[PDB]
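Here's the structure, in structure tokens; my notes come after.
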Amino acid sequence: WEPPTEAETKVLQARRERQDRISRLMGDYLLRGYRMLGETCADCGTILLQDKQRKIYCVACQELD
Amino acid sequence: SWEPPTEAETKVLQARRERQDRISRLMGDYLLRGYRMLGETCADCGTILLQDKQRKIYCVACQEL
Ligand SMILES: [Zn+2]
Ligand SMILES: [Zn+2]
């Protein structure tokens with residue numbers, strides 16, 4: 001052990017907050033009526049949602065970044 | 001019409017949320033136990049990568065979940 005760097009602690013806390021936000025958005029859109037698909041985003045790994053027969057949506061890529 | 005989320009969906013959501021919480025907890029622990037964060041995400045799953053003290057690269061999601 002040496003202590004994690006301050007960099008590593010910020011990135012870990014960021015990564016935490018991000019994932020929390022992604023779960024919260026996915027939940028929001030499921031509640032708003034979006035369909036969960038059995039596929040994940042090829043870019044970021046996030047489970048994909050579908051809005052009727054209008055579109056497929058990644059809450060990460062297409063909203064949070 | 002709008003339709004609720006299904007039993008399936010809200011299960012997968014709770015699961016994804018648990019996964020992500022565990023990834024963060026695992027990542028943190030490895031950081032505190034001597035593993036250094038890489039500026040790079042797992043190509044399979046998107047998770048930030050670590051290296052151990054023998055410079056093996058290590059994805060907590062892939063190689064422990
Ligand atoms: Zn994505
Ligand atoms: Zn991985």
Side-chain angles (χ1 to χ4, degrees):
Chain A
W1 156 105
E2 60 183 337
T5 62
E6 166 166 59
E8 290 169 323
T9 72
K10 281 153 170 204
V11 167
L12 175 55
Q13 187 59 18
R15 178 255 180 244
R16 204 171 251 128
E17 289 188 332
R18 186 163 111 103
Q19 275 299 342
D20 297 356
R21 233 137 45 200
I22 283 160
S23 291
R24 183 156 60 263
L25 270 171
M26 196 176 295
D28 191 44
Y29 279 111
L30 283 170
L31 288 167
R32 299 159 86 216
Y34 283 28
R35 209 176 81 205
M36 191 171 296
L37 310 184
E39 326 266 337
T40 56
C41 184
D43 292 56
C44 77
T46 299
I47 290 166
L48 292 167
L49 293 186
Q50 188 183 329
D51 166 35
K52 297 164 183 205
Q53 281 186 351
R54 314 160 137 297
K55 66 160 186 304
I56 294 152
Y57 203 69
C58 178
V59 293
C61 292
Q62 287 161 274
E63 205 158 330
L64 282 156
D65 295 345
Chain B
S1 75
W2 127 95
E3 293 134 42
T6 71
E7 191 166 32
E9 287 166 316
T10 70
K11 245 138 171 183
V12 172
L13 189 64
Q14 177 57 27
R16 102 145 296 254
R17 182 175 235 132
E18 258 133 11
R19 201 204 187 235
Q20 280 304 335
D21 180 44
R22 279 192 270 248
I23 290 160
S24 295
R25 174 161 33 269
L26 277 173
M27 198 182 288
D29 186 54
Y30 281 118
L31 288 186
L32 288 165
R33 275 151 115 247
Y35 280 49
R36 328 143 212 68
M37 179 170 291
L38 295 179
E40 191 187 339
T41 61
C42 178
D44 293 309
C45 82
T47 307
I48 279 150
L49 290 175
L50 298 182
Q51 57 173 138
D52 66 24
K53 303 233 167 148
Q54 273 145 121
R55 297 174 149 127
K56 306 271 107 178
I57 297 171
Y58 191 84
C59 172
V60 291
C62 281
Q63 271 157 122
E64 219 163 330
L65 288 168

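Scope of the values below: all heavy atoms of this structure, side chains included, with no hydrogens, waters or symmetry mates. Order of the sequence lines sets the chain letters (A, B, ...), proteins ahead of strands, with each chain counted from 1.
- In terms of heavy-atom pairs under 4.5 angstrom with chain A, the leader among B/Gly34, B/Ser24, B/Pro5 is B/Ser24.
- B/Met37 and B/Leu49 sit in two unconnected hydrophobic clusters of ILVMFWY residues. Membership requires side-chain heavy atoms under 4.5 Å apart, directly or through other members.
- Contact tally against chain A (heavy-atom pairs below 4.5 Å) for B/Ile23, B/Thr47, B/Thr6: the top residue is B/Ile23.
- Annotation: B/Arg33, atom CZ; neighbour count of heavy atoms from other residues, nucleotides and ligands within 6.0 Å does not exceed 12.
- Between the CD atom in A/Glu2 and the CG atom in B/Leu32 there is a gap of 12.0 Å [rounded to 0.5 Å].
- Tracing side-chain contacts under 4.5 Å through hydrophobic residues (I, L, V, M, F, W, Y), one reaches A/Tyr57 starting from B/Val12; they form part of the same cluster.
- The 12-atom threshold is exceeded at NZ of A/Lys55, counting heavy atoms of other residues, nucleotides or ligands nearer than 6.0 Å.
- The candidate with the highest count of non-hydrogen atom pairs below 4.5 Å against chain A, out of B/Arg16, B/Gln14, B/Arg36, B/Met27, is B/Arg16.
- To the nearest 0.5 Å, atoms OG1 (A/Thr9) and CG (B/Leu31) are separated by 9.0 Å.
- Contacts between B/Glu3 and chain A at a heavy-atom distance below 4.5 Å involve the backbone alone (N, CA, C, O).
- Across B/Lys53, B/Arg25, B/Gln20, the residue that shares the most heavy-atom pairs under 4.5 angstrom with chain A is B/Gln20.
- B/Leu65 and B/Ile48 fall within a single hydrophobic cluster, where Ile, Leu, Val, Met, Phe, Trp and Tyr side chains are chained together by heavy-atom contacts under 4.5 Å.
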